[PDB]
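Reproduced below: data-v8.cif, with mmCIF, N, CA and C atoms and all ligand atoms.
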```
data_target
#
loop_
_atom_site.label_atom_id
_atom_site.label_comp_id
_atom_site.auth_asym_id
_atom_site.auth_seq_id
_atom_site.Cartn_x
_atom_site.Cartn_y
_atom_site.Cartn_z
N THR H 3 -36.62 99.13 -144.36
CA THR H 3 -37.28 98.84 -145.68
C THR H 3 -36.25 98.25 -146.67
N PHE H 4 -34.99 98.49 -146.35
CA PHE H 4 -33.87 97.99 -147.10
C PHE H 4 -33.71 96.48 -146.91
N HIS H 5 -33.94 95.69 -147.95
CA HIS H 5 -33.79 94.25 -147.78
C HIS H 5 -32.87 93.62 -148.79
N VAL H 6 -32.09 92.64 -148.33
CA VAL H 6 -31.15 91.93 -149.22
C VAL H 6 -31.24 90.42 -149.07
N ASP H 7 -31.28 89.71 -150.19
CA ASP H 7 -31.20 88.28 -150.11
C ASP H 7 -30.17 87.64 -151.03
N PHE H 8 -28.99 87.43 -150.49
CA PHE H 8 -27.95 86.77 -151.27
C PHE H 8 -27.86 85.28 -151.01
N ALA H 9 -28.12 84.46 -152.02
CA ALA H 9 -28.10 83.02 -151.79
C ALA H 9 -27.46 82.24 -152.94
N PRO H 10 -26.77 81.12 -152.61
CA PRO H 10 -26.28 80.24 -153.68
C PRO H 10 -27.46 79.61 -154.36
N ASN H 11 -27.27 79.06 -155.54
CA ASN H 11 -28.38 78.37 -156.18
C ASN H 11 -28.47 76.92 -155.62
N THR H 12 -29.54 76.17 -155.96
CA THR H 12 -29.80 74.83 -155.36
C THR H 12 -29.58 73.61 -156.28
N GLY H 13 -28.61 72.73 -155.93
CA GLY H 13 -28.37 71.44 -156.63
C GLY H 13 -27.79 71.50 -158.05
N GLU H 14 -27.64 70.33 -158.68
CA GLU H 14 -27.37 70.18 -160.14
C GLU H 14 -26.23 71.04 -160.82
N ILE H 15 -25.13 71.29 -160.10
CA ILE H 15 -23.94 71.86 -160.75
C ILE H 15 -22.84 70.82 -160.84
N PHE H 16 -22.43 70.49 -162.07
CA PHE H 16 -21.54 69.39 -162.32
C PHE H 16 -20.11 69.78 -162.71
N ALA H 17 -19.12 69.24 -161.99
CA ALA H 17 -17.72 69.50 -162.29
C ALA H 17 -17.46 69.34 -163.78
N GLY H 18 -16.54 70.12 -164.32
CA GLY H 18 -16.20 70.01 -165.75
C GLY H 18 -16.38 71.33 -166.48
N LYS H 19 -16.31 71.30 -167.81
CA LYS H 19 -16.56 72.47 -168.63
C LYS H 19 -18.04 72.74 -168.76
N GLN H 20 -18.47 73.88 -168.28
CA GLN H 20 -19.92 74.19 -168.27
C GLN H 20 -20.40 74.37 -169.68
N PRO H 21 -21.51 73.72 -170.03
CA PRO H 21 -21.95 73.84 -171.42
C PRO H 21 -22.72 75.13 -171.69
N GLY H 22 -22.95 75.94 -170.65
CA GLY H 22 -23.76 77.18 -170.74
C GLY H 22 -23.45 78.12 -169.58
N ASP H 23 -23.99 79.33 -169.59
CA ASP H 23 -23.75 80.24 -168.48
C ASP H 23 -24.48 79.66 -167.31
N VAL H 24 -23.86 79.66 -166.11
CA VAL H 24 -24.45 78.96 -165.02
C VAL H 24 -24.50 79.86 -163.82
N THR H 25 -25.69 80.03 -163.28
CA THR H 25 -25.85 80.84 -162.11
C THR H 25 -25.19 80.19 -160.91
N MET H 26 -24.33 80.92 -160.23
CA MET H 26 -23.80 80.45 -158.96
C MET H 26 -24.54 81.06 -157.78
N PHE H 27 -24.89 82.33 -157.89
CA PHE H 27 -25.55 83.00 -156.78
C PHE H 27 -26.66 83.90 -157.23
N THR H 28 -27.55 84.21 -156.31
CA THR H 28 -28.64 85.08 -156.62
C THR H 28 -28.73 86.12 -155.53
N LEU H 29 -29.16 87.29 -155.96
CA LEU H 29 -29.16 88.44 -155.13
C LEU H 29 -30.47 89.15 -155.34
N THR H 30 -31.21 89.36 -154.25
CA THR H 30 -32.40 90.17 -154.34
C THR H 30 -32.33 91.29 -153.35
N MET H 31 -32.58 92.50 -153.85
CA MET H 31 -32.45 93.70 -153.04
C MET H 31 -33.50 94.72 -153.42
N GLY H 32 -33.92 95.52 -152.45
CA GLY H 32 -34.95 96.51 -152.72
C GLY H 32 -35.10 97.55 -151.64
N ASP H 33 -35.71 98.69 -152.02
CA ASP H 33 -36.11 99.73 -151.07
C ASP H 33 -37.23 100.59 -151.60
N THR H 34 -38.19 100.84 -150.71
CA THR H 34 -39.31 101.74 -151.00
C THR H 34 -38.84 103.18 -150.84
N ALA H 35 -38.03 103.44 -149.82
CA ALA H 35 -37.46 104.76 -149.53
C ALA H 35 -36.54 105.27 -150.66
N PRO H 36 -36.22 106.59 -150.70
CA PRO H 36 -35.46 107.12 -151.85
C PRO H 36 -33.99 106.67 -151.91
N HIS H 37 -33.59 106.16 -153.07
CA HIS H 37 -32.24 105.66 -153.27
C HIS H 37 -31.71 105.93 -154.68
N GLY H 38 -30.39 105.92 -154.78
CA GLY H 38 -29.71 106.16 -156.04
C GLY H 38 -29.43 104.90 -156.82
N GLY H 39 -28.86 103.91 -156.17
CA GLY H 39 -28.54 102.68 -156.87
C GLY H 39 -27.89 101.73 -155.91
N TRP H 40 -27.24 100.72 -156.46
CA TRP H 40 -26.78 99.58 -155.68
C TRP H 40 -25.44 99.18 -156.15
N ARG H 41 -24.57 98.86 -155.21
CA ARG H 41 -23.41 98.10 -155.61
C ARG H 41 -23.30 96.82 -154.81
N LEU H 42 -22.51 95.92 -155.36
CA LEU H 42 -22.03 94.77 -154.68
C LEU H 42 -20.53 94.86 -154.74
N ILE H 43 -19.88 95.00 -153.60
CA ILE H 43 -18.44 94.89 -153.57
C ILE H 43 -18.01 93.47 -153.19
N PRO H 44 -17.26 92.83 -154.08
CA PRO H 44 -16.67 91.54 -153.84
C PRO H 44 -15.54 91.71 -152.85
N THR H 45 -15.69 91.21 -151.63
CA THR H 45 -14.68 91.44 -150.58
C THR H 45 -13.64 90.33 -150.38
N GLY H 46 -12.69 90.59 -149.51
CA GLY H 46 -11.74 89.57 -149.20
C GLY H 46 -11.20 88.87 -150.42
N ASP H 47 -11.30 87.56 -150.39
CA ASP H 47 -10.71 86.73 -151.40
C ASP H 47 -11.51 86.78 -152.69
N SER H 48 -12.73 87.31 -152.61
CA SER H 48 -13.57 87.53 -153.78
C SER H 48 -13.23 88.87 -154.46
N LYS H 49 -12.30 89.63 -153.89
CA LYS H 49 -11.94 90.90 -154.49
C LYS H 49 -11.59 90.66 -155.96
N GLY H 50 -12.02 91.55 -156.83
CA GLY H 50 -11.89 91.39 -158.26
C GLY H 50 -13.10 90.72 -158.91
N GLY H 51 -14.13 90.38 -158.12
CA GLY H 51 -15.25 89.55 -158.63
C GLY H 51 -15.01 88.06 -158.83
N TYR H 52 -14.58 87.38 -157.78
CA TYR H 52 -14.36 85.98 -157.87
C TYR H 52 -15.03 85.13 -156.80
N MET H 53 -15.15 83.86 -157.14
CA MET H 53 -15.57 82.78 -156.28
C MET H 53 -14.25 82.04 -155.93
N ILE H 54 -14.18 81.38 -154.77
CA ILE H 54 -12.91 80.77 -154.33
C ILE H 54 -13.10 79.34 -153.82
N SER H 55 -12.42 78.38 -154.49
CA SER H 55 -12.35 76.99 -154.06
C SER H 55 -11.56 76.87 -152.78
N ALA H 56 -11.99 76.04 -151.82
CA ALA H 56 -11.28 75.94 -150.52
C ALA H 56 -9.82 75.63 -150.72
N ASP H 57 -9.54 75.00 -151.83
CA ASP H 57 -8.18 74.74 -152.25
C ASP H 57 -7.41 76.03 -152.56
N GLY H 58 -8.11 77.02 -153.12
CA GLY H 58 -7.47 78.28 -153.50
C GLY H 58 -7.59 78.76 -154.95
N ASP H 59 -8.26 77.98 -155.80
CA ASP H 59 -8.59 78.37 -157.16
C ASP H 59 -9.68 79.41 -157.16
N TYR H 60 -9.48 80.42 -158.00
CA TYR H 60 -10.44 81.51 -158.23
C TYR H 60 -11.30 81.27 -159.47
N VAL H 61 -12.60 81.50 -159.37
CA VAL H 61 -13.41 81.50 -160.60
C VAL H 61 -14.12 82.82 -160.79
N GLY H 62 -14.05 83.30 -162.05
CA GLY H 62 -14.62 84.58 -162.43
C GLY H 62 -16.13 84.53 -162.45
N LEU H 63 -16.76 85.49 -161.80
CA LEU H 63 -18.20 85.64 -161.76
C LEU H 63 -18.66 86.85 -162.60
N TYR H 64 -19.88 86.81 -163.14
CA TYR H 64 -20.43 87.96 -163.85
C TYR H 64 -21.80 88.30 -163.35
N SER H 65 -22.19 89.55 -163.52
CA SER H 65 -23.49 89.91 -163.08
C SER H 65 -24.36 90.14 -164.26
N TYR H 66 -25.53 89.55 -164.19
CA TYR H 66 -26.48 89.63 -165.26
C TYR H 66 -27.05 91.06 -165.37
N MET H 67 -27.37 91.70 -164.23
CA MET H 67 -28.02 93.03 -164.22
C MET H 67 -27.07 94.17 -163.99
N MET H 68 -26.11 94.00 -163.09
CA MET H 68 -25.18 95.09 -162.86
C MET H 68 -23.98 95.06 -163.80
N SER H 69 -23.27 96.19 -163.88
CA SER H 69 -22.01 96.31 -164.61
C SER H 69 -20.84 96.37 -163.65
N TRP H 70 -19.68 96.01 -164.18
CA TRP H 70 -18.53 95.85 -163.39
C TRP H 70 -17.60 97.02 -163.56
N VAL H 71 -17.19 97.61 -162.45
CA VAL H 71 -16.13 98.60 -162.51
C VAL H 71 -14.92 98.09 -161.75
N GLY H 72 -13.93 97.63 -162.50
CA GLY H 72 -12.69 97.05 -161.93
C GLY H 72 -11.99 98.03 -161.02
N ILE H 73 -11.76 99.25 -161.51
CA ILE H 73 -11.09 100.29 -160.73
C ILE H 73 -11.72 100.46 -159.35
N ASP H 74 -13.05 100.49 -159.28
CA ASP H 74 -13.75 100.70 -158.01
C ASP H 74 -14.03 99.41 -157.27
N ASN H 75 -13.67 98.31 -157.93
CA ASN H 75 -13.98 96.96 -157.45
C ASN H 75 -15.46 96.70 -157.05
N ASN H 76 -16.41 96.98 -157.94
CA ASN H 76 -17.80 96.68 -157.64
C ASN H 76 -18.65 96.49 -158.88
N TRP H 77 -19.81 95.89 -158.67
CA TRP H 77 -20.86 95.89 -159.66
C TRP H 77 -21.80 96.94 -159.20
N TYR H 78 -22.26 97.77 -160.12
CA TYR H 78 -23.33 98.69 -159.75
C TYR H 78 -24.43 98.66 -160.82
N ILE H 79 -25.61 99.05 -160.40
CA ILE H 79 -26.64 99.51 -161.31
C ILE H 79 -27.24 100.73 -160.64
N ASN H 80 -27.55 101.76 -161.44
CA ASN H 80 -28.27 102.91 -160.89
C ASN H 80 -29.73 102.66 -161.05
N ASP H 81 -30.46 102.76 -159.94
CA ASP H 81 -31.88 102.51 -159.95
C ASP H 81 -32.50 103.30 -158.83
N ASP H 82 -33.60 103.96 -159.13
CA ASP H 82 -34.30 104.75 -158.14
C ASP H 82 -35.62 104.09 -157.75
N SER H 83 -36.08 103.13 -158.57
CA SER H 83 -37.39 102.42 -158.42
C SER H 83 -37.63 101.76 -157.05
N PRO H 84 -38.91 101.72 -156.59
CA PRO H 84 -39.11 101.00 -155.31
C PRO H 84 -39.40 99.53 -155.56
N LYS H 85 -39.30 99.12 -156.82
CA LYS H 85 -39.48 97.74 -157.26
C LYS H 85 -38.25 96.87 -156.96
N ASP H 86 -38.50 95.57 -156.77
CA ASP H 86 -37.46 94.61 -156.39
C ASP H 86 -36.48 94.30 -157.50
N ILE H 87 -35.20 94.28 -157.14
CA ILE H 87 -34.13 93.94 -158.09
C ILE H 87 -33.68 92.50 -157.91
N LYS H 88 -33.76 91.76 -159.00
CA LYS H 88 -33.46 90.35 -158.96
C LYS H 88 -32.28 90.10 -159.87
N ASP H 89 -31.09 90.02 -159.28
CA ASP H 89 -29.89 89.73 -160.06
C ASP H 89 -29.32 88.41 -159.66
N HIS H 90 -28.51 87.86 -160.54
CA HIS H 90 -27.67 86.77 -160.13
C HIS H 90 -26.31 86.85 -160.81
N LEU H 91 -25.36 86.15 -160.19
CA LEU H 91 -24.01 86.08 -160.59
C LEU H 91 -23.82 84.73 -161.15
N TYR H 92 -23.06 84.66 -162.23
CA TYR H 92 -22.97 83.42 -162.96
C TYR H 92 -21.61 83.25 -163.57
N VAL H 93 -21.27 82.04 -163.96
CA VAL H 93 -19.99 81.84 -164.66
C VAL H 93 -20.29 81.64 -166.12
N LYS H 94 -19.33 81.89 -166.99
CA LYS H 94 -19.62 81.86 -168.41
C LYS H 94 -19.45 80.47 -168.96
N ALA H 95 -20.25 80.15 -169.98
CA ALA H 95 -20.07 78.86 -170.62
C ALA H 95 -18.57 78.66 -170.92
N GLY H 96 -18.10 77.45 -170.75
CA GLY H 96 -16.71 77.09 -171.02
C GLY H 96 -15.86 77.15 -169.76
N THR H 97 -16.40 77.73 -168.70
CA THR H 97 -15.69 77.73 -167.43
C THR H 97 -15.60 76.32 -166.91
N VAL H 98 -14.41 75.96 -166.47
CA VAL H 98 -14.17 74.65 -165.95
C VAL H 98 -14.39 74.71 -164.46
N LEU H 99 -15.34 73.94 -163.94
CA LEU H 99 -15.53 73.86 -162.51
C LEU H 99 -14.94 72.55 -161.97
N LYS H 100 -14.55 72.59 -160.70
CA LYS H 100 -13.96 71.45 -160.01
C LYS H 100 -14.94 70.98 -158.94
N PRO H 101 -14.98 69.66 -158.69
CA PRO H 101 -15.98 69.13 -157.82
C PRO H 101 -15.61 69.47 -156.39
N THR H 102 -15.95 70.67 -155.99
CA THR H 102 -15.52 71.19 -154.69
C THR H 102 -16.48 72.27 -154.26
N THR H 103 -16.16 72.92 -153.15
CA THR H 103 -16.93 74.05 -152.66
C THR H 103 -16.23 75.35 -153.03
N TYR H 104 -17.04 76.35 -153.41
CA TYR H 104 -16.53 77.70 -153.77
C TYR H 104 -17.18 78.76 -152.91
N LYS H 105 -16.37 79.59 -152.26
CA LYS H 105 -16.95 80.65 -151.42
C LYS H 105 -17.08 81.92 -152.25
N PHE H 106 -18.10 82.71 -151.93
CA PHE H 106 -18.12 84.11 -152.33
C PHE H 106 -18.46 84.99 -151.14
N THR H 107 -17.63 86.00 -150.91
CA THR H 107 -17.94 87.07 -149.96
C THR H 107 -18.03 88.42 -150.65
N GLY H 108 -18.86 89.30 -150.13
CA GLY H 108 -18.78 90.70 -150.53
C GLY H 108 -19.71 91.53 -149.70
N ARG H 109 -19.88 92.78 -150.10
CA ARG H 109 -20.80 93.69 -149.45
C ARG H 109 -21.74 94.36 -150.46
N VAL H 110 -23.03 94.35 -150.14
CA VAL H 110 -24.05 95.05 -150.92
C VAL H 110 -24.34 96.42 -150.29
N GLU H 111 -24.09 97.52 -151.02
CA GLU H 111 -24.46 98.88 -150.57
C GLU H 111 -25.52 99.55 -151.42
N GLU H 112 -26.54 100.08 -150.76
CA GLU H 112 -27.48 101.03 -151.37
C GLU H 112 -26.85 102.42 -151.32
N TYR H 113 -27.14 103.28 -152.30
CA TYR H 113 -26.60 104.64 -152.25
C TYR H 113 -27.56 105.69 -152.67
N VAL H 114 -27.23 106.93 -152.33
CA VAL H 114 -27.96 108.12 -152.79
C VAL H 114 -27.09 109.09 -153.58
N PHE H 115 -27.76 109.89 -154.40
CA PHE H 115 -27.15 110.96 -155.15
C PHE H 115 -27.70 112.26 -154.63
N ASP H 116 -26.85 113.05 -153.95
CA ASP H 116 -27.19 114.45 -153.82
C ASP H 116 -26.24 115.28 -154.64
N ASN H 117 -26.75 115.72 -155.81
CA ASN H 117 -25.96 116.52 -156.74
C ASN H 117 -24.79 115.68 -157.33
N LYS H 118 -23.58 116.03 -156.90
CA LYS H 118 -22.33 115.50 -157.45
C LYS H 118 -22.00 114.08 -157.00
N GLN H 119 -22.45 113.71 -155.79
CA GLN H 119 -21.99 112.45 -155.20
C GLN H 119 -22.98 111.44 -154.62
N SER H 120 -22.46 110.22 -154.56
CA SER H 120 -23.07 109.08 -153.89
C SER H 120 -22.68 109.06 -152.42
N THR H 121 -23.66 108.81 -151.56
CA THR H 121 -23.34 108.23 -150.24
C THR H 121 -24.11 106.96 -149.93
N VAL H 122 -23.43 106.10 -149.18
CA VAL H 122 -24.01 104.88 -148.64
C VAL H 122 -25.06 105.17 -147.59
N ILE H 123 -26.32 104.87 -147.91
CA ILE H 123 -27.34 104.97 -146.90
C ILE H 123 -27.66 103.64 -146.20
N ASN H 124 -27.33 102.51 -146.85
CA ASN H 124 -27.57 101.17 -146.28
C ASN H 124 -26.57 100.16 -146.76
N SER H 125 -26.25 99.18 -145.94
CA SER H 125 -25.36 98.13 -146.40
C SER H 125 -25.63 96.80 -145.72
N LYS H 126 -25.20 95.72 -146.38
CA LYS H 126 -25.29 94.35 -145.86
C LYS H 126 -24.08 93.60 -146.38
N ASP H 127 -23.33 93.01 -145.46
CA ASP H 127 -22.33 92.02 -145.87
C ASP H 127 -23.04 90.75 -146.28
N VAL H 128 -22.59 90.15 -147.39
CA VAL H 128 -23.17 88.91 -147.88
C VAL H 128 -22.10 87.88 -148.18
N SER H 129 -22.46 86.62 -148.03
CA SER H 129 -21.56 85.53 -148.43
C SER H 129 -22.37 84.37 -148.95
N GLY H 130 -21.64 83.37 -149.45
CA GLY H 130 -22.26 82.14 -149.82
C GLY H 130 -21.28 81.14 -150.36
N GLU H 131 -21.60 79.87 -150.13
CA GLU H 131 -20.83 78.78 -150.66
C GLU H 131 -21.66 78.02 -151.65
N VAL H 132 -21.02 77.51 -152.70
CA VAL H 132 -21.70 76.66 -153.68
C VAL H 132 -20.90 75.35 -153.89
N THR H 133 -21.55 74.20 -153.73
CA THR H 133 -20.86 72.93 -153.87
C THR H 133 -21.18 72.29 -155.20
N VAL H 134 -20.12 71.95 -155.92
CA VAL H 134 -20.16 71.38 -157.25
C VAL H 134 -19.87 69.90 -157.19
N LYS H 135 -20.80 69.12 -157.72
CA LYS H 135 -20.75 67.68 -157.62
C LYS H 135 -20.00 67.09 -158.75
N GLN H 136 -19.35 65.95 -158.51
CA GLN H 136 -18.84 65.14 -159.61
C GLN H 136 -20.00 64.29 -160.13
N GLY H 137 -20.04 64.01 -161.42
CA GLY H 137 -21.06 63.06 -161.93
C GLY H 137 -20.58 61.66 -161.64
N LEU H 138 -20.57 60.79 -162.64
CA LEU H 138 -19.94 59.50 -162.50
C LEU H 138 -18.45 59.68 -162.30
N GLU H 139 -17.82 58.85 -161.45
CA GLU H 139 -16.35 58.84 -161.40
C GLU H 139 -15.95 58.13 -162.68
N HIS H 140 -14.73 58.35 -163.16
CA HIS H 140 -14.28 57.66 -164.41
C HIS H 140 -12.93 57.11 -164.13
N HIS H 141 -12.82 55.80 -164.24
CA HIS H 141 -11.64 55.07 -163.85
C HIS H 141 -11.04 54.42 -165.07
N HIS H 142 -9.76 54.66 -165.32
CA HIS H 142 -9.15 54.16 -166.57
C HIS H 142 -8.04 53.11 -166.36
N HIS H 143 -7.89 52.62 -165.14
CA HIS H 143 -6.94 51.56 -164.85
C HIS H 143 -5.51 52.08 -164.74
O1 LIG H 201 -23.23 105.37 -161.20
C1 LIG H 201 -22.82 105.31 -159.86
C2 LIG H 201 -21.71 104.29 -159.82
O2 LIG H 201 -20.59 104.91 -160.42
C3 LIG H 201 -19.47 104.06 -160.60
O3 LIG H 201 -18.43 104.87 -161.05
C4 LIG H 201 -19.02 103.47 -159.27
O4 LIG H 201 -17.97 102.53 -159.38
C5 LIG H 201 -20.18 102.80 -158.59
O5 LIG H 201 -19.62 102.40 -157.38
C6 LIG H 201 -21.32 103.81 -158.43
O6 LIG H 201 -20.85 104.93 -157.71
#
```

Is it possible to express this structure as structure tokens?
Amino acid sequence: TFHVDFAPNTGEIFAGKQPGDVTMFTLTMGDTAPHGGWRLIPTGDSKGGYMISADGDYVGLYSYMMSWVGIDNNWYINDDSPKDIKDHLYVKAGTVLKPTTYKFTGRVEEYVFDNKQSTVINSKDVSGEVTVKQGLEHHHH
């Protein structure tokens, strides 16, 4: 019953200084069965909550619905509802993007609370790449 859908967004991302907050990825997750909440752990090179250019540049991602705990290295939201959670990760206006591909890896865990603690009852590794286009080339001689 545990389902996860992590996907990059489609088309129209332009290299340069973003004029607004821009979704890079979207995440949909849900469960009818009893649960405590959800985290997304940014894994590997995404550790710290980042996207990674094949070149090696890191870009900071934010979560619209979840909160970030640096110490634990995850985004979480506590939710018990059997309703679908629709989050996405985005970069903040003013972020400079480069006309390249950016990877994101991490792991999505569902959890439970029995009294004092959380345990992982379900998990899914997730990844995604997002390709940023150049607009017009600009040639100055
Ligand atoms: O509210 C439960 C959450 O508590 C935070 O401290 C933790 O980093 C998350 O991973 C999740 O356990």

Contacts to ligand LIG 201 (chain H) at 9 Å cut-off (only C-alpha atoms and all ligand atoms) as JSON, numbers by chain
{"H": [38, 39, 40, 41, 42, 43, 70, 71, 72, 73, 74, 75, 76, 77, 78, 79, 80, 113, 115, 119, 120, 121]}

Take the residues from that selection and put them in a file with N, CA and C atoms, as a compact mmCIF listing (two decimals), in the frame of the given file.
```txt
# COMPACT_ATOMS: atom_id res chain seq x y z
N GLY H 38 -30.39 105.92 -154.78
CA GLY H 38 -29.71 106.16 -156.04
C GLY H 38 -29.43 104.90 -156.82
N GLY H 39 -28.86 103.91 -156.17
CA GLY H 39 -28.54 102.68 -156.87
C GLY H 39 -27.89 101.73 -155.91
N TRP H 40 -27.24 100.72 -156.46
CA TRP H 40 -26.78 99.58 -155.68
C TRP H 40 -25.44 99.18 -156.15
N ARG H 41 -24.57 98.86 -155.21
CA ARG H 41 -23.41 98.10 -155.61
C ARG H 41 -23.30 96.82 -154.81
N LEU H 42 -22.51 95.92 -155.36
CA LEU H 42 -22.03 94.77 -154.68
C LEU H 42 -20.53 94.86 -154.74
N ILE H 43 -19.88 95.00 -153.60
CA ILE H 43 -18.44 94.89 -153.57
C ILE H 43 -18.01 93.47 -153.19
N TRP H 70 -19.68 96.01 -164.18
CA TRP H 70 -18.53 95.85 -163.39
C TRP H 70 -17.60 97.02 -163.56
N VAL H 71 -17.19 97.61 -162.45
CA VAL H 71 -16.13 98.60 -162.51
C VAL H 71 -14.92 98.09 -161.75
N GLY H 72 -13.93 97.63 -162.50
CA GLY H 72 -12.69 97.05 -161.93
C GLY H 72 -11.99 98.03 -161.02
N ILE H 73 -11.76 99.25 -161.51
CA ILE H 73 -11.09 100.29 -160.73
C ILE H 73 -11.72 100.46 -159.35
N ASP H 74 -13.05 100.49 -159.28
CA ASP H 74 -13.75 100.70 -158.01
C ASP H 74 -14.03 99.41 -157.27
N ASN H 75 -13.67 98.31 -157.93
CA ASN H 75 -13.98 96.96 -157.45
C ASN H 75 -15.46 96.70 -157.05
N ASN H 76 -16.41 96.98 -157.94
CA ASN H 76 -17.80 96.68 -157.64
C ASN H 76 -18.65 96.49 -158.88
N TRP H 77 -19.81 95.89 -158.67
CA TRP H 77 -20.86 95.89 -159.66
C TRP H 77 -21.80 96.94 -159.20
N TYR H 78 -22.26 97.77 -160.12
CA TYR H 78 -23.33 98.69 -159.75
C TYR H 78 -24.43 98.66 -160.82
N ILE H 79 -25.61 99.05 -160.40
CA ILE H 79 -26.64 99.51 -161.31
C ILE H 79 -27.24 100.73 -160.64
N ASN H 80 -27.55 101.76 -161.44
CA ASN H 80 -28.27 102.91 -160.89
C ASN H 80 -29.73 102.66 -161.05
N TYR H 113 -27.14 103.28 -152.30
CA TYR H 113 -26.60 104.64 -152.25
C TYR H 113 -27.56 105.69 -152.67
N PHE H 115 -27.76 109.89 -154.40
CA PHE H 115 -27.15 110.96 -155.15
C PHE H 115 -27.70 112.26 -154.63
N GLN H 119 -22.45 113.71 -155.79
CA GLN H 119 -21.99 112.45 -155.20
C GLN H 119 -22.98 111.44 -154.62
N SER H 120 -22.46 110.22 -154.56
CA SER H 120 -23.07 109.08 -153.89
C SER H 120 -22.68 109.06 -152.42
N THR H 121 -23.66 108.81 -151.56
CA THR H 121 -23.34 108.23 -150.24
C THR H 121 -24.11 106.96 -149.93
```

Quick one: pull the distance between CA of residue 85 in chain H and atom N of residue 29 in chain H, Å, one decimal.
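A separation of 14.7 Å between them.
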
Axis-aligned box for range 23-27 of chain H, 8 Å per side, centre and edges in Å as JSON:
```
{"center_x": -25.2, "center_y": 81.4, "center_z": -163.2, "size_x": 18.9, "size_y": 20.9, "size_z": 28.8}
```

Legend entry - For residue 114 in chain H, the nearest of the candidates H:101, H:36, H:10, H:18, counting only N, CA and C atoms: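 Ranking H:101, H:36, H:10, H:18 by distance to residue 114 in chain H, first place goes to H:36.
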
Q.
With DSSP run on the backbone, what are the strand (DSSP E or B) residues within range 18-124 of chain H? I'd like them as a PyMOL selection string.
A. chain H and resi 18-19+24-32+39-44+52-55+60-62+64-65+69-71+76-80+87-93+98-99+103-116+119-124

Review point. Looking at H:53, H:35, H:91, H:134, which one is nearest to residue 14 in chain H, with distances taken over only N, CA and C atoms?
Key: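 Under the stated criterion, the closest residue is H:134.
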
In terms of only C-alpha atoms, the residue from H:117, H:108, H:132, H:6 at minimal distance from residue 47 in chain H is H:108

- Message: Ranking H:62, H:51, H:22, H:130 by minimum distance to residue 106 in chain H and counting all atoms listed in the file, which one comes first?
- Response: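 Looking at the shortest contact to residue 106 in chain H, the residue is H:130.
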
From the list H:140, H:123, H:102, H:110, the nearest residue to residue 57 in chain H using all atoms listed in the file is H:102

Nearest residue to residue 104 in chain H from the set H:69, H:3, H:133, H:12 (distances using only C-alpha atoms):
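Of all the options, H:133 lies closest to residue 104 in chain H.
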
A straight line from atom C of residue 59 in chain H to atom N of residue 98 in chain H spans 11.0 Å

Separating CA of residue 88 in chain H from CA of residue 32 in chain H, to the nearest tenth of an Å, is a gap of 8.9 Å

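With distances taken from (-41.5, 100.2, -153.1) and restricted to all atoms listed in the file, the residues inside 5 Å are residues 33, 34, 84 and 85 of chain H.
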
- Query: What's the 6.5 Å shell around residue 125 in chain H, counting all atoms listed in the file, without same-chain residues fewer than 3 positions away, as a PyMOL selection string?
  - Reply: chain H and resi 110-112+122
